[PDB]
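Step one of this worksheet: look at the structure below.
To find a chain, count down the sequence lines: A is the first, B the second, and so on, and within it residues start at 1.
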Amino acid sequence: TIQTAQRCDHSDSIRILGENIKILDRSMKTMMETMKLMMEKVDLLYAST
Amino acid sequence: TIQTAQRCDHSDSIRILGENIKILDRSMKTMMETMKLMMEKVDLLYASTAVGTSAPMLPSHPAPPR
Amino acid sequence: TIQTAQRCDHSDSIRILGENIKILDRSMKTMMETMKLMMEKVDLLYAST
Amino acid sequence: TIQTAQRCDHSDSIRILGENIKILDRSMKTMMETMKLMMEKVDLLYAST
Amino acid sequence: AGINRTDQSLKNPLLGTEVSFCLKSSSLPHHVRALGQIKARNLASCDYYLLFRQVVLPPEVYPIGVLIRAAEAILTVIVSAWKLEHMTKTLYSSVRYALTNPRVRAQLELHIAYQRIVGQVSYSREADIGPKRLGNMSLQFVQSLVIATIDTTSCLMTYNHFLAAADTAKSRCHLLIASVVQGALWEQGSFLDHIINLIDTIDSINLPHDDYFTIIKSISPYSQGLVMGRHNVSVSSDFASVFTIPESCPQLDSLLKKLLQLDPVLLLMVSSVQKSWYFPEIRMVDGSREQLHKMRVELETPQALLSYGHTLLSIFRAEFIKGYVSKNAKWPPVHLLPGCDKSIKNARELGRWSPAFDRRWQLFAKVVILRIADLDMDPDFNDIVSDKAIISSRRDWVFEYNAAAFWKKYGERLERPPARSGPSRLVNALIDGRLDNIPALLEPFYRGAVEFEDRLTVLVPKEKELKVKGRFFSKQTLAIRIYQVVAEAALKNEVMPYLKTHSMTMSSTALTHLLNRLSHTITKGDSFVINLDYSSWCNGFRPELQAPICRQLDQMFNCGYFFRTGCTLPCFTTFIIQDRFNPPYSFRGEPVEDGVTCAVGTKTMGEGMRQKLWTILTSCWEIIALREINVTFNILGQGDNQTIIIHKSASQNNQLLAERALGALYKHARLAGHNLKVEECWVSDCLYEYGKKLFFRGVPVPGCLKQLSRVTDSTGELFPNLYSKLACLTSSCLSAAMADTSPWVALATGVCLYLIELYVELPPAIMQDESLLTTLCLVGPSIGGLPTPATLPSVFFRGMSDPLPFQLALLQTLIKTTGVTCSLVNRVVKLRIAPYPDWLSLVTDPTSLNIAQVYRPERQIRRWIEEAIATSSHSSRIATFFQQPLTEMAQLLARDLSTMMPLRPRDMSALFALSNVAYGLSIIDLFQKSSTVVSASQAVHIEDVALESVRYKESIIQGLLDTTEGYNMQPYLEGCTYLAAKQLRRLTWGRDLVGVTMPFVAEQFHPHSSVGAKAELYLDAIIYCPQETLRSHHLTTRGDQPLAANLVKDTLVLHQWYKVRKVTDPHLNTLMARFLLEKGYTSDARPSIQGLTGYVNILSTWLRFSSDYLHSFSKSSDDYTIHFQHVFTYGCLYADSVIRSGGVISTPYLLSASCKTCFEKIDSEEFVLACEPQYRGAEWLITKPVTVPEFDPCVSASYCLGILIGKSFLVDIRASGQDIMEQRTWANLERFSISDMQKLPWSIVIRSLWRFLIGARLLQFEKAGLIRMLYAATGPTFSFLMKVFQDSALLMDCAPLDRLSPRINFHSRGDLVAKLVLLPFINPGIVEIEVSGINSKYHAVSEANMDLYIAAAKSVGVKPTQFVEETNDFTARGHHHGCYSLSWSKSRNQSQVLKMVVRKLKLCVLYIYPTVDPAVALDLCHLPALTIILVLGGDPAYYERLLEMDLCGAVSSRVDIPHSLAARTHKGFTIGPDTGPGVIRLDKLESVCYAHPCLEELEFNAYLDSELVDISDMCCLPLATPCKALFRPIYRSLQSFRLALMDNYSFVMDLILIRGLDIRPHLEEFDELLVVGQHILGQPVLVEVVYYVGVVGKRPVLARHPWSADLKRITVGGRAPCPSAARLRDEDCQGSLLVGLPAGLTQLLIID
Ligand SMILES: [Zn+2]
Ligand SMILES: [Zn+2]
């Protein structure tokens, strides 16, 4: 009863995966930034044609 | 009974994780849009180069799923 | 006690968010392959000029 | 409460969610390396022109 | 050898490269023979029209007088059969004038000579056909090359040049005959002299080739510019100044200006012909170089074009989201980018489109539209098989060019492969199975790398166009054609219904409404028209403009890069131009770029490709240009031609607005790379063009000259034969008569052309026999003859028709009038019944017979093509589709449907239409009879069709010359043709056929005029009454009086139409269950769902026609065989024939019933399908299987009709003034019967209507609209409610209404209807009693199934009996009751003296002239034992107005209706003329006390027969229950009137608070009811009351003296105690009215 409800939940792993989701958010933000820079580069390529 | 229920309850936790994956999805759609705006200019430049020559049509999108 | 135990668990919500993160992985794979396809065209554009 | 205990079961789901988050993270690092290579290629445009 | 010169009409461009190759160094064997026969003076091939113009024949070479006599006989027979015998002299004199006039006869003889040379030379195995003489010209045919010589000059040309000359002669013959027949039947007279002058003027032009065709090209816009220059009133025009006709051809300018001076409509008719003159020879080097330049030319930079494409993406997103919110009530799946506006976010959450997003579309650069649908990568078989020729692969470019030309031009051979490396057509690609896997074929378009072998396009010049440098279409590889099919289907189905500008054009009703509003508005001064023409439209589109919207479309349909591969595809595609004898070079098997014949890569796909996307792009930039300057506009798009409607603004005039609009359109056209030339665009307020139709001042220009002079291709999917020529001629006349050309013009022209087409092909033995020619034109395909225009009733009518009674009537007229025996008819028809019944011919054509069709050209069709494709098919999609015999399954299903016990062929065909086998036979029909399937079916045994033509010709000559007779048709050419047609169908099929025989309308009704009509003609008659004397002015000026899996849906709807009229059979349910299983619906049950012909429409607005045929056919619920649209069209054709023959319509006319056996009571009968169906289903023909998700009727119909009428009144009050004059309703209220409304109990309907109005609980402005439009006689539904409530039986049967009628005081019948419909808002008092009768289950009955319940409401109920009330009868001596007759507001004494006179003279019949006041006539009708016969003279308006006033039914019982309509003069004892024998007259007496025991005082002394007869001694007799002539709503008792005084005081005080309603007329109603109060009040009645009204403290204070300053003065005059009911109602116990009186009512009681 108590041990079954202990088995069916893993709260510490929820906290670890939430921290890992935050890490994924940071990586998404830095990829958006480098897409913005190479957007600027391709735009100034296409302007000078 | 209540204490086991309160350590087993993660309504707020699962709602926070679901909302954060929704933030990931919105940022991914934004990146997809910017990448499409890159594809327009590079494909139009290559097609402008292609006129009058025998240059091949290179692929632009990978494959249909399954 | 019973309704609190209902509030503890949703297997379906965890399954929806698991499919929701798998489709984002699929989107990453499509963007990587498409960006390499862009790389081939810009390589031939370097070769042209 | 055996059937409610089987519907409580989350132990497989959190583990495979960790696998999904891990493979998403590896996919984003590989695409970021591809992004760096792509910037290195597209800077050669104004070197040539 | 092979067949030569295989065309009989022009179907190709005229090219001259072969002639130049022949003249300069050819070594081909036939080129030497062609070069040896030319003269020293040899003209160029482009000058061929210079040589063919000099051809002249000797006069009167063909004996065609028997044709003229036969044509006159045929037209006399048709006009006699229609029983319109006053047009008779007009039509045959038109034909006699045409064929006797020398120029028309010479053109006809030239046409016969040309067509006989074409018949002699075409489809021949002989390479060289010798000297063939055409007048002064001798022709020599050397394969493809023709040499023409007159005296010493020669022209070497191709065979297409000779066909162009023959087509010119054919078109001119058509034009001259059509001009003569149109000039005979039209208010302006003959214009044949102008046509001959036009032909001579164009034939007199001696200019070079390009200048000549410049004039011929510019002849139509110059004349349109002249008409616009003279007849624009609000805008300026400089369109005529562009063209150089005044300086190049002055005589043509003079002719067009004099045609402008006489008649602009004649100028627009004459100027629109463009193919009766010759055709250009295309300058291929210059035009080819110019096209290949225009496909790769940049007018705008790519960087600006991509930015403007982003701008167009914004407005595309805005319009798509507006459409999706309007239809689906929600925002689509969208992603909002960073920086999106907050208004977009709030409107997304609220699910609403704000009315400020239209001018702010730049906000939609941050709204990305996500997936909405999925791309359907499996086309159906309809678009796959037809309309294009294809190329298999790029190694097949070498089969479009000659090897000898490649050797002479370049010095080496072509290295042509032996085989053609695959199919050359779409259907052959199906049979070889290259189209088995469409998604695997379209996968390279998804990846964006289409394969190397698919990138070729051949540019082909178009034919019969006046451009000397040519216009080219695209012949493409199979893969790109499949891409075009998928992309155009996706954009047409999924995107464009949400785009409003395209969606109004796709819908027929919205387009019709828009064009009608444009027709009314242009003449008043608003809504001018801008016409924009894009000359370089298909060449102008560039990748950078298209790419962002293509990216959005690729994201919308989850297809990767599919819409974006078409933008960058032309940059990789090789383009060559189809010109044999001018080939491109080959280097390694591939074409070499030169700029004239080849181009490796361009920037546009071509013409016709990406048609749907380009329309969206053009519409987007036009919406940007017009929305930046704040105009109200409507865009009608026709691709390259765009018509813009601009409505007038209050601030600015039309010229300044037109200049601003033109500047905006030029600016935003230039930004897209599509520069508009100022010489090509124009503005107007008098002329526009839509749908290949030209409108001048809102009226369509006649198109008789253009349509009848058009040359069609003919001989479709067959060898050349006479039957196909007669069929295409008949179809051309039918298409003309449907497309707003006069029936008589098309009929006479078709008869003439039919006889000329017979004269070309038939020997002199047939053609010099007049009676055989007349019979052979009057037999027709209904009874097995040749296709003739004479036997079609579809020329004069628009709906579905039955040819067979009309055909038998024509042959009866032929035998009785013309000296033709029945033995000759037996000779010509040759009736041959089949030995066994072929039921498939009945399920395809219900009206057909089981006879042999012997002149029909034979392709086996049913089995040979199925065997051929099932044997030669080398892959799937044919093996799965044709795994079982389709024809044997079709015959098995036909035998199953022939077991119907009443055999109904219409329902039999309808049930056959819901089958898979019908779809399968349709796909086989597209494999037989379509475009580009002629290639396969003619190419298999390509030689044998030449011998088959000769065999068919010998067979038809031997058949027509045979003198033996067939089956005797004498029983079927006597008596009634309805019964004769039914007996012929029973003889020929073996069983009686129910439901397909429609009676002939000219036999059923005969027209007469009222000046000599008797009483017996008026028993069953349809009456037409004109408001004015009608002449030729009224034919053109409008008058006052008004005018896939979807089969599964049908599989249920017909099922519901079976189930509600109570047909029940196990076998039919089994059969429809098998249909539902074969189409994939395995669910057990689902219960879910005036105007005339256009040629008499304008004339119909001057006539009132009604249905007074009820004395024998419309007094019962039993339905009969009358189709009323045909009958009203026939009566209007009688009027049109009287006007167009030189007469006038000044009297009413009639259509009387003549043949009593054409009126059959229809047997509403169950049909039981006897045997068990052996069909078993297919399930292999529908490739897309649909999914399963994809009480008594009287009360339900009562509640549904109540809520439908209530919401119809609601959409009437929301409608504007221009919209309420239209008869459009919410759910099609007009086409409902009147009988089933009488069966329907209407008390339930009135409570449903009342409870829907109280459930709406409308705001004050809409309630003011309700009360205003119901107190007036406005709205179509008020007319509908009057037409329902015409009989007083529905009035008396309503059990709420007999209780309610003491309360309401009604001035008229419409006043009572208005009070009944809008009483719950003003009075809840009776609503408190009859609100209890509510049932929520009947409110939940849906509207969409309502019509099905309409099928059930007709049979259950019954109609009431009607009752005769009584008025004062007088006679003898008696007691005086009160002498009550019309005391309401009318001279009662006029009725009194006439009742006393008619009772003492003891008259049995009284005749009443329409000068007498109607209410006196109501009293004279309500007297018993008297027959009132009015003098109508054919006009039912007086009796109808007399009937509308009465509320009992004594006017409908005591008036003899045929004798009343058949009466013109004095015939008895009358009231109404001034002085004469038997005339009752009224003489004014100034002073008499009238010593009479009955009545108190006399005003009028009645005189009769110049004598006075003593009316002073009579008295009354007892009375009984009265009508509403005595007005029991205000009777002697006052407590009902005090309740009315309680209510009208409460009516006005509630209506003061109503916004938008100023209470003057409702206050006048209150004034009349308070005049009824002022009769009894007893305080002095002011004639003028100053009567201040105003609200104080939310309480309306209203009285004579102003209680406060804020009260408003209303001037009321004319109050006096004139009725005698003032003395009657004066009662005992005064102050009883004060008991239970409001203090305001007491204040109105005691005056000041
Ligand atoms: Zn008849
Ligand atoms: Zn009455």
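- Residues satisfying the side-chain contact (heavy atoms from CB on, under 4.5 Å) criterion with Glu290(E), sequence neighbours excluded, are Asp286(E), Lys469(E).
- Among residues two or more places apart in sequence or in another chain, the salt bridge (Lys or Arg N to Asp or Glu O under 4.0 Å) test is passed with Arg33(E) by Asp128(E).
- Not a single donor-acceptor pair under 3.5 Å links the side chain of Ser48(B) to the backbone N or O of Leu45(B).
- No hydrogens or angles considered: a donor-acceptor pair under 3.5 Å links the side chains of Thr887(E) and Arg863(E).
- Side chains of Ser922(E) and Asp925(E): a donor-acceptor N/O pair is absent below 3.5 angstrom, by distance only.
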Enumerate, atom names and distances included, each donor-acceptor pair closer than 3.5 Å involving a side-chain atom of residues 865-873 of chain E, sequence neighbours excluded.
unit_1, atom_1, unit_2, atom_2, d
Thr871(E), OG1, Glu867(E), O, 2.7
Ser873(E), OG, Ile869(E), O, 2.9

Please walk me through it: do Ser45(E) and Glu281(E) pass side-chain hydrogen bond (donor to acceptor under 3.5 Å, both in side chains)?
CA-CA 8 Å; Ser45(E) 66; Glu281(E) 160 172 319; 2.8 Å; yes
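- Partners of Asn12(E) by side-chain contact (heavy atoms from CB on, under 4.5 Å), not counting sequence neighbours, listed by chain and number: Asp7(E), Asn160(E).
- The CG atom of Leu435(E) sits 11.5 Å away from the CZ atom of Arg481(E) when rounded to the nearest 0.5 Å.
- Side-chain contact between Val486(E) and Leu442(E) is present, with heavy atoms from C-beta onward closer than 4.5 Å.
- Using a 4.5 Å heavy-atom threshold, the side chains of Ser26(E) and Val32(E) count as separate.
- With hydrogens and angles disregarded, no donor-acceptor distance shorter than 3.5 Å links the side chain of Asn428(E) to the backbone of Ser424(E).
- Here the two rings, on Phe141(E) and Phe162(E), have centers that are under 6.0 Å apart.
- Annotation: salt bridge (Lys or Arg N to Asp or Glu O under 4.0 Å) contacts of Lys929(E) (sequence neighbours excluded): none.
- Checked against side-chain contact (heavy atoms from CB on, under 4.5 Å), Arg416(E) has the following partners two or more places apart in sequence or in another chain: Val398(E), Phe399(E), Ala403(E), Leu414(E).
- Applying the salt bridge (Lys or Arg N to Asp or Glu O under 4.0 Å) test to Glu451(E) and every residue at least two apart in sequence or in another chain returns nothing.
- Annotation: side-chain hydrogen bond (donor to acceptor under 3.5 Å, both in side chains) contacts of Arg455(E) (sequence neighbours excluded): none.
- Here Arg395(E) does not pair with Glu415(E) in a salt bridge; the nearest charged N to carboxylate O distance is not below 4.0 Å.
- In this structure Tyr446(E) satisfies the ring-ring contact (aromatic ring centres under 6.0 Å, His included) test together with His61(B), sequence neighbours excluded.
- Residue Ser875(E) holds its OG atom at 10.5 Å from CZ of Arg434(E), rounded to the nearest 0.5 Å.
- Taking 4.5 Å as the limit, some side-chain heavy atom of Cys550(E) sits within range of a side-chain heavy atom of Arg610(E).
- Put simply, the side chain of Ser27(E) reaches to within 4.5 Å of the side chain of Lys408(E), judged on heavy atoms.
- Side chains of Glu948(E) and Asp944(E) form no contact here, defined as non-hydrogen atoms less than 4.5 Å apart.
- Rounded to the nearest 0.5 Å, atoms NZ (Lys475(E)) and CD1 (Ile480(E)) are 13.5 Å apart.
- Side-chain atoms of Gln928(E) and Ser937(E), non-hydrogen and from C-beta on, never get closer than 4.5 Å to each other.
- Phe406(E) has its ring centre no less than 6.0 Å from the ring centre of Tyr401(E).
- The shortest distance between side-chain heavy atoms of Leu613(E) and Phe541(E) does not fall below 4.5 Å.
- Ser386(E) places none of its side-chain heavy atoms less than 4.5 Å from the side chain of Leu426(E).
- Side-chain N or O atoms of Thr932(E) include one that pairs as donor or acceptor with a backbone N or O of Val385(E) at under 3.5 Å.
- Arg289(E) contributes no side-chain N or O that, together with a main-chain N or O of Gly595(E), makes up a donor-acceptor pair within less than 3.5 Å.
- Partners of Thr568(E) under the side-chain contact (heavy atoms from CB on, under 4.5 Å) rule, at least two apart in sequence or in another chain, are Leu44(B), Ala47(B), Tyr561(E).
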Candidate pair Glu126(E) and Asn4(E), rule side-chain contact (heavy atoms from CB on, under 4.5 Å), full reasoning
CA-CA 7 Å; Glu126(E) 203 86 23; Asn4(E) 289 337; over 6 Å; no
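- No hydrogens or angles considered: nothing links the side chains of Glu590(E) and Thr574(E) as a donor-acceptor pair under 3.5 Å.
- Between the side chains of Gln8(E) and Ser122(E), at least one donor N or O sits under 3.5 Å from an acceptor N or O.
- Taken to the nearest 0.5 Å, the CG atom of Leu886(E) stands 12.0 Å off from the OH atom of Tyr919(E).
- For the residue pair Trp1180(E) / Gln884(E), no side-chain donor-acceptor distance below 3.5 Å is found, with atom types taken as modelled.
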List the steps and the verdict of side-chain contact (heavy atoms from CB on, under 4.5 Å) for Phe575(E) and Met295(E).
CA-CA 10 Å; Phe575(E) 278 90; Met295(E) 296 181 109; 3.9 Å; yes
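- Rounded to the nearest 0.5 Å, atoms OG (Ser392(E)) and CD1 (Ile390(E)) are 7.0 Å apart.
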Cut-off 3.5 Å, no hydrogens considered: what does the side-chain donor-acceptor table look like for residues 580-589 of chain E, sequence neighbours left out?
unit_1, atom_1, unit_2, atom_2, d
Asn582(E), OD1, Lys409(E), NZ, 3.1
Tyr585(E), OH, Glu412(E), OE1, 2.9
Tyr585(E), OH, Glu412(E), OE2, 3.3
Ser586(E), OG, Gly589(E), N, 3.3

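- Every salt bridge (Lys or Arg N to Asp or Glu O under 4.0 Å) that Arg564(E) has, sequence neighbours left out, goes to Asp554(E).
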Apply side-chain hydrogen bond (donor to acceptor under 3.5 Å, both in side chains) to residues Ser124(E) and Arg5(E) and explain how you reach the verdict.
CA-CA 7 Å; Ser124(E) 83; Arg5(E) 67 182 66 87; 3.2 Å; yes
Can you check ring pair (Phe, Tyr, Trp, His ring centres under 6.0 Å) on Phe557(E) and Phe562(E), steps first, answer last?
CA-CA 10 Å; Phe557(E) 294 148; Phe562(E) 189 82; 9.9 Å; no
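- No side-chain donor-acceptor contact under 3.5 Å links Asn539(E) and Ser536(E).
- Distance CG/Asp374(E) to CE/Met377(E): 9.0 Å, rounded to 0.5 Å.
- A cation-pi contact, defined as under 6.0 Å to the ring centre and within 45° of the axis, links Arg394(E) to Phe452(E).
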